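The data below hold one chain only, encoded as structure tokens and taken in the form deposited in one PDB entry.
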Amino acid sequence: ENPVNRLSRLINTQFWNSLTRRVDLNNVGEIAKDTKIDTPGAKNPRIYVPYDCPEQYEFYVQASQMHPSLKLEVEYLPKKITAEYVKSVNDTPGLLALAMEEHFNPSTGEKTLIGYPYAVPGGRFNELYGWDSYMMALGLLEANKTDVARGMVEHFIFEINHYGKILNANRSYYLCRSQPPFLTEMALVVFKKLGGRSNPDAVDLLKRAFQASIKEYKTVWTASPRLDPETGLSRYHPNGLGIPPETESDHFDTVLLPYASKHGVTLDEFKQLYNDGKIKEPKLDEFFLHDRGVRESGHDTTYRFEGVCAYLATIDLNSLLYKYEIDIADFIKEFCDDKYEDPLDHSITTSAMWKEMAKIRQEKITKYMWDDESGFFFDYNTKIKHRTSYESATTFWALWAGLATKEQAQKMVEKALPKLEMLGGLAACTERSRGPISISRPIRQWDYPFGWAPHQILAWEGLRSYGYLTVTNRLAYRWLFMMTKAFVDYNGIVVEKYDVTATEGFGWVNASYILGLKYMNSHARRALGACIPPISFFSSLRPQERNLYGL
């Protein structure tokens, strides 16, 4: 049996199941156990429920009573979840409620609640994460595990409605932070799979997911502080107070120690004083704004974002919002007779207005970000008004999104791609841009020489979209080879991160393997199975087949 098949098989059956979760009356305790925070208030597990969800409140109370052994506390959240409140529950952390489906005893008619199912990114975790869940949904759909993927769409709808945004993960201490947005596409691909228009259930889901997406776009991404009104582009600029509690106790000690010493106190004491707004240190308040912004960017961390992130209008975010605008334009044209009225503010929009927003975004991005010379869309700093020159694998999100001109795609493929394409796929950024590594300045995980699943997946699809499928094959081969070599040599371990230079795997890594194979014919599968590295494999082909890999 061929290792590419053993791994395919394992991912598609056993790993997704090992990675499935579903909240019922008996496990709520297990799932809510949190160790990331250690205070008296954290010793007991806890679940926070929104203010307008009484059945759900009843449910988790019932759960707490059926297993008093656990000491499961259950609080209601405020209708208005402010940053100050969120800080106020740092010492009493909790799991957040998520979507729940209704079952009914078909002869008695008694109502029951059971969690819509989801997947976690690794065997270690129990929470629903954000962007990881779109990639996993793609993977799950291929395994005909559509219900788990749909559950996640169900959950993101719920999160946007009750917590105001899609969350990094469904815990009290993440309430002020989001993730890169993929709801429109996530909802479209689950919808194609359940049947499309011919499925009343699917159309209802599509609608709920687009009401939500429009609310997310208007209230989170093009709003508040995250919008830079000058450019019209958006930043990862979450609200939030004080020190993120969930982190390693000592995580921030080296940056904090000088401040504590400037103020004549110990570190413990300085923490407290900061976290009660009693320090007036501007450049420390800024540093935590960027740290929050990093965590919201999903790229934790990289030198692209260290000490800048929340002033950057990223190609990352602004590509994804382009996608939002296009997808919403179609949705309104096709399922709202071309007039959508937002029920929350009675604002009335047409597909043409949405397309126009997209059009404008495209010009705005091109203007501030595009560099015809190198072939990269660079992030734009919005505080100092100046372009970046960090060469990121996220430049491909512009193909994925569909916002790049054909001339732009050519230039990126010809001149940018070679600076990112390493032995095992796309590195998250180039060697040049990472800079020199030292003990002062150590290796960050989302930089060269590392390559990440999501970056591959988005690029594969982006290039396929602009007619570069032949390049996707080459890139896929490189990634799949490297994953397959690892699996063989490390005695069955699938790994979190790869340098392109356990029993569960990892969500988007697993999904990357299955998505990658769809591009690979029999021959390529056999060579991958024989652990033949790309240079050798390509070199063995007749030049007609070598053209399938654009070589």
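Note that residue numbering follows the sequence shown and begins at 1. Rigid core: the largest C-alpha set superposing within 1.5 Å between the two forms.
Among other compared entries that model residues flanking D268, a third or more give it no coordinates.
Modelled in this chain, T112 is likewise built in all the other compared entries whose models extend past it on both sides, so a third of them omitting it does not occur.
The modelled chain breaks after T501 and resumes at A502, leaving 10 or more residues of the deposited sequence without coordinates. Mean C-alpha B-factor is higher over 332 to 340 than over the other stretch, the pair under comparison being 319 to 327 and 332 to 340.
Taking only CA atoms, the mean B-factor in the PDB entry is higher for 101 to 109 than for the other of 207 to 215 and 101 to 109. Highest C-alpha temperature factor among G424, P454, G122, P238 per the entry: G122. Listed residues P200, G462, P180, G164 were ranked by CA B-factor as deposited; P200 comes out on top.
Per-chain ranking of the deposited C-alpha B factor places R387 in the highest third. Annotation for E248: CA B-factor lies in the highest third of the chain's modelled residues. The deposited CA B-factor of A511 belongs to the lowest third of values across its chain. When the modelled residues of the chain are ordered by C-alpha B-factor, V49 sits in the lowest third. Ranked by C-alpha B-factor against the other modelled residues of its chain, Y60 falls in the highest third.
Omitted from view is the form deposited in another entry, to which the following refers.
Only one of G232, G402, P449, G123 has its C-alpha shifted by 2 Å or more between this form and the one not shown once the core is superposed, and that residue is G123. With the core held fixed, the Cα of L517 is displaced between this form and the one not shown by less than 2 Å. Once the rigid core is overlaid between this form and the one not shown, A486 does not reach a Cα shift of 2 Å, moving by less than that. Once you line up the core between this form and the one not shown, the Cα of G41 ends up 2 Å or more from where it was.
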